[PDB]
Amino acid sequence: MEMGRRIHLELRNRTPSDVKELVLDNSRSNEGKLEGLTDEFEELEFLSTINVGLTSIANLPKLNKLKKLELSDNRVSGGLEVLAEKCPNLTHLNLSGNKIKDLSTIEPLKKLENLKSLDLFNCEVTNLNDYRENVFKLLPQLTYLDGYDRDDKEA
Amino acid sequence: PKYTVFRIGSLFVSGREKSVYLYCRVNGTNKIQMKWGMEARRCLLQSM
Amino acid sequence: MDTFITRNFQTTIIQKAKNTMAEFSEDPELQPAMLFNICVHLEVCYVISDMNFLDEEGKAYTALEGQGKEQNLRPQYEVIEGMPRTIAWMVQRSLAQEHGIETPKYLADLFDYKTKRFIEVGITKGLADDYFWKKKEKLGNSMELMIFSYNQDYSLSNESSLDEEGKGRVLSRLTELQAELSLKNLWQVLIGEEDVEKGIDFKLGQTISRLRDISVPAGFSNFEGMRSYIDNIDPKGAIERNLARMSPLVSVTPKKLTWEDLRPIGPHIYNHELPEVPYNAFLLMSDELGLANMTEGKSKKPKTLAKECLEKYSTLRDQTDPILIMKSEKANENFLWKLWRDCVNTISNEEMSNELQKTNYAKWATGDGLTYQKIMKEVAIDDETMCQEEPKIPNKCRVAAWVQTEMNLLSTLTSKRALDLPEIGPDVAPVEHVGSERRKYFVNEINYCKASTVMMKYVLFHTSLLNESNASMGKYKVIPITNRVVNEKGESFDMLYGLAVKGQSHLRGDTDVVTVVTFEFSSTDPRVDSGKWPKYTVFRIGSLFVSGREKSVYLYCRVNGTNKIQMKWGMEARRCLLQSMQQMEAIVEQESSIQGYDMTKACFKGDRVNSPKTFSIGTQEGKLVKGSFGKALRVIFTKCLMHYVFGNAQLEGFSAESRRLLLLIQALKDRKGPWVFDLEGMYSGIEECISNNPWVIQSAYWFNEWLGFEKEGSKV
Amino acid sequence: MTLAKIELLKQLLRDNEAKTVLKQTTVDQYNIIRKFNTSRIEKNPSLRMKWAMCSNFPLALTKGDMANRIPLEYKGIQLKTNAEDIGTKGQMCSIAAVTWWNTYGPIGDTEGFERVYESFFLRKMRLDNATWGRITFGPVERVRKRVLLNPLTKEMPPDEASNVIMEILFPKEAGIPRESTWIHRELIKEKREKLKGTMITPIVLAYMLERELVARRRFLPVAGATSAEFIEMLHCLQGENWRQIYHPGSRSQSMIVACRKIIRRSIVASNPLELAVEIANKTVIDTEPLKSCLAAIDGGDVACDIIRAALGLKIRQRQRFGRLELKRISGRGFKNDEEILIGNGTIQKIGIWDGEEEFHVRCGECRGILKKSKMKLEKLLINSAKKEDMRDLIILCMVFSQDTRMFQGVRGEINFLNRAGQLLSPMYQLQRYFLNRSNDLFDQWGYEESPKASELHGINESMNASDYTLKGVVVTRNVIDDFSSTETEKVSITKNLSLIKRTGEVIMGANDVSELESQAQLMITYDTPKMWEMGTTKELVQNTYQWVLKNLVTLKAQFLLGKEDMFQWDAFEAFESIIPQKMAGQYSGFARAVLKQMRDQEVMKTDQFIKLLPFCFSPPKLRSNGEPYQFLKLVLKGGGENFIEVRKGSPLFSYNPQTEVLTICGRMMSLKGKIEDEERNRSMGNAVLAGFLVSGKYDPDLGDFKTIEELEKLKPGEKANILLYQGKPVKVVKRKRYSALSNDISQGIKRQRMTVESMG
């Protein structure tokens with residue numbers, strides 16, 4: 001199975017601007033990328049990339065309608081500033097299970113202002129003193145986190 | 001390297017499933033070790 | 001059949017069939033075939049009535065299971081079969097009245113709402129058409145008919161009543177029942193709904209009936225009379241009536257047994273008028289002289305080994321002028337000496353062949369030609385001098401002395417060890433570690449006793465004899481009596497103990513006898529005790545030095561005969577070792593039961609807490625002597641070896657019958673106060689076996705001595 | 001070879017004897033024909049083998065092309081000969097060739113041994129990973145017991161074992177699969193897949209499977225554990241005067257609980273037998289009906305014995321009274337009614353046994369011998385096993401003996417019932433009274449001097465090994481071995497579940513079962529609504545979801561039609577009991593709307609369909625305007641963790657699509673995927689010739705026969721010409737459904753009794 005097969009199954013061989021969500025899960029990728037998603041995409045709301053072996057974020061269509069994106073179980077470790085230049089309209093961010101070394105990796109999210117929830121589970125950065133407080137004062141725009149900002153609501 | 005771990009189930013906190021493991025370990029301690037553990041509350045006085 | 005009914009049918013259907021049979025006063029047990037037929041009928045009716053329902057419009061259709069539709073879910077077929085006769089009749093009448101149809105004169109099986117008809121379901125082993133016509137004639141057209149047969153054919157009054165699936169399923173069930181019955185062989189026994197009212201037929205003919213009539217106990221004149229008498233007459237104390245008249249001269253004669261009643265068994269051995277028992281064992285045991293040659297360890301053919309062993313001792317190999325010490329009674333010195341010379345020449349010949357080069361002198365040396373010629377029965381009938389040989393009973397002998405000396409000597413340590421055993425896998429469990437320790441402690445003791453060497457010599461000789469007999473059938477052969485002996489330093493000496501000529505072993509059966517003549521090297525001059533060697537013709541073929549002390553060297557020659565049975569048991573004589581260990585194992589285990597730790601080192605050698613275990617082993621001047629654990633193990637092993645070598649019918653009859661006295665003595669020592677019925681009978685049975693077997697006579701002697709010891713020690 | 005087969009057949013038929021025998025003996029009679037061998041068995045195998053090993057060529061080689069791999073003489077050593085043979089018609093050979101083959105020659109495949117000889121390698125694995133301990137040299141008390149020598153993958157009776165073996169490794173000759181392949185479908189498919197890819201002779205595999213399935217049981221002296229794993233090593237573990245510590249490298253409690261629940265459910269109703277058997281054969285334990293472990297173990301708890309009697313199975317004929325297992329030894333007891341005053345002062349009319357009798361008595365781990373006369377216990381011999389078991393044995397034998405002292409020892413009252421609320425016979429009422437108050441007849445029974453002897457020693461009322469014992473009771477420091485001749489004699493079953501002998505005597509009563517509740521260690525999934533309206537909400541949800549899952553095909557098919565009949569199923573009525581009344585209607589309306597949207601504007605999604613279907617049993621209550629209410633969290637009775645998540649999953653229900661697995665009430669189940677493809681993968685076991693029924697005779701209109709592979713090509717409802725068993729041409733029709741004879745019989749009985757009641 002490949003990203004192309006998932007794209008064909010979800011789109012069912014139709015125009016790219018017909019679905020506002022994608023499910024790219026359990027898909028092998030060339031050197032850890034997210035190919036199979038052409039830049040021609042114009043409308044997209046939800047994303048899902050799990051067990052894709054994504055190692056970096058360097059290929060992504062420019063978008064202005066996406067609000068949620070899901071990355072998990074990946075060895076990606078690099079600056080995410082490119083998201084601002086690609087789609088500065090993210091509201092739900094999920095990095096659960098990813099591999100991030102230190103706090104500097106999550107710095108480039110400051111320039112994004114629409115993010116309200118960020119998820120980081122069993123991450124090497126999560127095991128630090130005052131990581132919760134340090135992240136909060138580092139990303140003032142954030143309104144939610146792993147789930148315990150002040151209360152518990154569901155996405 | 002010294003623990004035997006299973007997976008019993010999954011809890012939900014904010015509508016999200018989080019797994020639960022059961023770390024099973026054999027250990028050996030004596031009555032004096034029980035007394036030492038009981039006195040382990042002296043860390044409060046030590047820090048103060 | 002009932003087991004098949006229970007297995008292949010649900011308890012509910014069985015209950016319904018039993019109820020139906022009870023309504024008709026028919027016993028299900030007495031007519032299992034009828035019960036099976038009724039169960040099959042009920043099952044097929046239920047199978048037909050299932051899964052079929054009617055929609056609101058009234059068209060037949062299928063309804064799913066476990067999925068109700070409110071309450072009604074009206075089924076297509078209402079089963080009438082299986083209800084009580086009154087209830088079934090009332091249901092049929094109610095349906096007929098409700099749907100305005102004629103009430104059938106005969107009770108129906110099912111009712112179809114769609115067709116609004118009463119349906120009869122039938123089964124048969126014959127053609128469906130025949131049964132269908134019979135049922136139609138009996139019942140008429142008032143009821144629809146559906147008959148199925150076990151051969152995958154059917155007759156239906158209407159072909160639309162049942163779909164393809166229903167007929168296929170009923171036929172599959174019938175075929176499965178038929179196949180299962182055939183596998184259980186009940187198919188042929190099974191009899192259908194027309195023959196099940198007959199039952200099995202098995203009537204006695206004329207000759208067998210007459211034999212039964214004349215084979216009735218006394219007082220009867222016909223087996224019908226005996227049958228009626230047994231079925232009707234009731235005995236209510238016939239046993240006591242018979243006992244009340246039976247003579248009072250019959251009884252077990254119960255007499256309590258005391259120590260005084262027990263007396264020595266076989267007093268005739270003590271009597272000196274009888275001859276001393278001779279040495280009848282196959283090979284010499286405590287007199288074997290081992291022509292020993294040191295070898296690197298290579299295993300070679302016995303012929304080459306004997307050749308080399310004689311080559312080392314040139315004086316004995318080339319000896320050609322014998323000095324007859326004694327020619328026993330019948331054997332000829334010339335025959336035996338020439339045969340032995342041919343043996344030596346064949347062994348020392350350059351050719352690897354180990355068969356006698358004469359083939360004609362041996363024929364008379366071994367006495368093969370000295371045999372009777374069989375004639376036909378007619379001449380024997382006509383001739384008057386052809387009588388029947390009187391049975392040859394064994395001689396009644398006395399206690400010898402060589403048996404005791406051999407018993408002593410074979411049970412002593414020797415620097416030479418031969419018994420070796422294959423390795424086993426590594427021992428990882430504690431239990432096998434304990435077993436290994438015990439095994440080592442045992443072999444360290446048994447290996448160095450001379451009885452082990454004798455046992456190995458016997459086993460090797462019989463193995464070689466069997467191999468030669470199988471390979472060579474009708475040619476005389478030469479067989480060295482070879483053994484292998486490792487000394488404490490690890491030098492693997494090969495020992496030649498003599499030679500043996502094997503005769504013609506061409507025998508289809510096993511009990512057939514094959515003759516072999518044994519020449520044995522020895523260092524014992526028979527003149528020291530001539531009573532031990534009345535069966536042996538011997539020479540004096542020279543002398544040898546073992547370490548500087550010159551000792552003579554004689555050759556004991558004797559003709560003997562064996563058979564495939566004893567020939568095999570020769571290679572199974574190793575089991576003596578097992579018999580030696582088992583008991584001692586038990587002994588040790590008993591000790592371990594007392595105190596927790598393991599004692600195998602304590603019983604053998606002792607420890608700082610427990611003294612070494614000592615048994616009572618021998619005696620001297622009337623004073624019993626103790627003996628170490630190892631010595632007792634040696635004594636038991638030698639006892640087993642002798643039980644083999646001197647084994648024959650007499651030994652079995654002696655042991656299996658003196659066990660009675662052994663157990664009686666054991667009971668007496670525990671003060672159980674054993675009673676006996678006929679003591680002299682047991683004593684006679686035992687003592688009719690002490691005739692000429694040396695081991696039997698010595699066993700009797702030792703039994704008498706030990707019984708005397710027990711009698712003297714009973715005072716406490 | 002088939003041409004060689006036909007040529008050999010023709011040559012054999014050329015003789016008239018072959019023609020007459022072949023045309024005379026049916027296929028069934030073939031067995032007899034095979035058994036007419038010479039039977040000139042060797043009288044002494046040892047001598048024969050010894051002689052043969054020394055012969056030039058004792059080995060009897062089968063004719064073939066293998067010999068060409070090896071010369072007739074290698075390195076100057078003779079190996080094989082070209083001389084003809086009469087005994088086997090092959091060639092001759094010597095062990096030299098065998099050793100050379102072990103040295104050189106063709107190299108085979110090593111895969112087959114990984115799985116084919118699974119039992120042997122499992123034995124080796126259990127040995128290697130076992131942990132040894134100390135050795136106790138003290139004496140060991142051992143009891144003779146009927147033990148299973150070797151562990152079994154799935155214990156089954158011999159006939160079922162043979163049928164399963166044939167269905168596994170003999171795809172042909174599989175006519176009309178019985179009611180045994182569906183039970184063992186998982187075993188069938190597992191062994192089929194494992195053994196595929198081999199080339200071993202089929203008979204070897206058949207014998208190995210027989211060893212792996214058919215049970216082997218024997219009388220052995222055992223002390224301690226008794227599972228087959230320990231019995232394998234019993235030769236090393238045990239010992240007359242030595243013991244070793246060994247630890248080799250469940251369903252029982254669940255079946256006990258299920259049988260007890262079935263008994264309690266059926267007793268309260270009339271005609272308990274039919275209802276009990278319906279529930280028993282409609283029950284399942286996680287992969288199989290209850291006739292998969294009941295038929296495995298020998299005997300068991302009284303409830304299991306009663307259920308087995310209700311079903312078709314063999315039960316040990318021991319007399320169960322309360323917990324006591326009694327085996328008569330001698331004597332005949334006349335059961336005569338008598339009026340006896342009880343110690344409480346009341347007078348009861350009950351049956352008493354006139355005459356002397358003796359019984360071997362067992363209870364848990366306690367064994368003994370009881371000798372009793374009418375209205376009196378005479379003697380009782382026991383071994384020290386356990387205080388609880390010994391007390392139970394003493395009290396139960398006391399009550400059973402009907403000793404006048406036991407009656408005079410009553411002090412309270414006897415008006416008890418069972419969990420079903422029924423008044424029992426005075427015997428069982430007294431049993432319960434005395435067991436509840438053990439120190440009632442013990443005090444007034446009376447004491448007897450200690451059994452002065454070498455080993456016989458007494459026991460006091462407190463069960464301690466203390467002297468001044470009870471009158472009659474004796475404890476011997478020996479081993480009592482009892483319960484011989486387990487004939488499994490014919491036993492009848494009454495409607496009320498109480499068993500009886502071949503005669504009218506009663507062996508097991510419906511009330512022998514003890515009213516003790518436990519927790520099923522496994523998913524006890526039934527198939528009838530009547531059963532599961534007892535337990536907790538979680539159990540109800542689990543059972544409803546299992547019912548939905550089992551018959552997924554029917555529900556999925558009914559979904560396409562789009563009719564409300566699909567939702568009005570009785571299976572969901574019990575579910576209605578665990579949904580809040582004030583809000584169930586809103587759930588039903590919301591789920592109905594969601595499922596209508598699913599049918600209209602999207603495609604199949606099994607997980608959400610299963611999640612949302614059950615809530616629609618109750619009528620809907622739409623919004624005032626008419627639109628359906630919207631929810632995302634369905635609350636259930638008990639609150640807290642008893643709630644369903646509409647979106648992804650919850651504690652009771654969570655389906656993961658990454659691996660396509662289903663977790664219900666903390667239990668993982670494999671939904672391979674969706675689609676009739678996954679349906680057929682579920683059907684990947686079953687049995688060869690399971691989708692075809694028999695109808696008609698040969699019917700040569702189809703010409704020659706067709707194989708199973710070509711059989712599958714035919715569309716449903718066609719007619720095909722096939723061969724059944726060893727030949728027997730027949731005509732078959734492909735099935736359009738899956739059948740269940742037990743369900744049909746149960747429904748027929750239900751309709752019959754409904755008719756009987758309505759007429760009554």
# chains A, B, ... in the order shown; residues from 1 in each chain; ligands from 1
>>> interface_residues(of="chain D", to="chain A", cutoff="10 Å", atoms="only C-alpha atoms", output="ChimeraX atom specification")
/D:657-659
>>> interface_residues(of="chain C", to="chain D", cutoff="8 Å", atoms="only C-alpha atoms", output="ChimeraX atom specification")
/C:6-12,43,46-47,49-51,64,66-70,78-79,83,87,91,151-153,164-165,167-169,171-173,175-176,182-183,429-431,467,470-471,568,589-590,592-598
>>> residues_around(residues="residue 396 (chain D)", least_positions_apart="6", cutoff="9 Å", atoms="only C-alpha atoms", output="ChimeraX atom specification")
/D:321-324,431,434-435
>>> write_last_selection(atoms="N, CA and C atoms", output="PDB file, in the first residue's frame")
ATOM      1  N   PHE D 321     -24.654 -36.592  46.666  1.00  0.00           N
ATOM      2  CA  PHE D 321     -25.550 -36.113  47.715  1.00  0.00           C
ATOM      3  C   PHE D 321     -24.913 -34.875  48.332  1.00  0.00           C
ATOM      4  N   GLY D 322     -25.465 -33.705  48.026  1.00  0.00           N
ATOM      5  CA  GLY D 322     -24.823 -32.470  48.421  1.00  0.00           C
ATOM      6  C   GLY D 322     -23.494 -32.328  47.714  1.00  0.00           C
ATOM      7  N   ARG D 323     -22.397 -32.509  48.454  1.00  0.00           N
ATOM      8  CA  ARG D 323     -21.071 -32.590  47.861  1.00  0.00           C
ATOM      9  C   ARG D 323     -20.498 -33.999  47.859  1.00  0.00           C
ATOM     10  N   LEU D 324     -21.071 -34.919  48.632  1.00  0.00           N
ATOM     11  CA  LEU D 324     -20.525 -36.265  48.731  1.00  0.00           C
ATOM     12  C   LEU D 324     -20.680 -37.018  47.420  1.00  0.00           C
ATOM     13  N   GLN D 431     -29.346 -30.892  55.515  1.00  0.00           N
ATOM     14  CA  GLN D 431     -27.984 -30.705  55.026  1.00  0.00           C
ATOM     15  C   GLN D 431     -27.565 -29.246  55.146  1.00  0.00           C
ATOM     16  N   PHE D 434     -27.202 -28.111  58.879  1.00  0.00           N
ATOM     17  CA  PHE D 434     -26.018 -28.602  59.575  1.00  0.00           C
ATOM     18  C   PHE D 434     -24.747 -27.984  59.012  1.00  0.00           C
ATOM     19  N   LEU D 435     -24.676 -27.799  57.694  1.00  0.00           N
ATOM     20  CA  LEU D 435     -23.502 -27.150  57.122  1.00  0.00           C
ATOM     21  C   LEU D 435     -23.395 -25.704  57.589  1.00  0.00           C
TER      22      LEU D 435
END
>>> atom_distance(atom1="CA of residue 391 (chain C)", atom2="CA of residue 280 (chain C)")
20.1 Å
>>> interface_residues(of="chain D", to="chain B", cutoff="8 Å", atoms="only C-alpha atoms", output="PyMOL selection string")
chain D and resi 650-651+666
>>> write_last_selection(atoms="C-alpha atoms", output="mmCIF file, in the first residue's frame")
data_model
loop_
_atom_site.group_PDB
_atom_site.id
_atom_site.type_symbol
_atom_site.label_atom_id
_atom_site.label_comp_id
_atom_site.auth_asym_id
_atom_site.auth_seq_id
_atom_site.Cartn_x
_atom_site.Cartn_y
_atom_site.Cartn_z
ATOM 1 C CA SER D 650 -15.268 4.207 25.088
ATOM 2 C CA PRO D 651 -14.493 1.776 27.941
ATOM 3 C CA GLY D 666 -12.309 -5.021 27.906
#
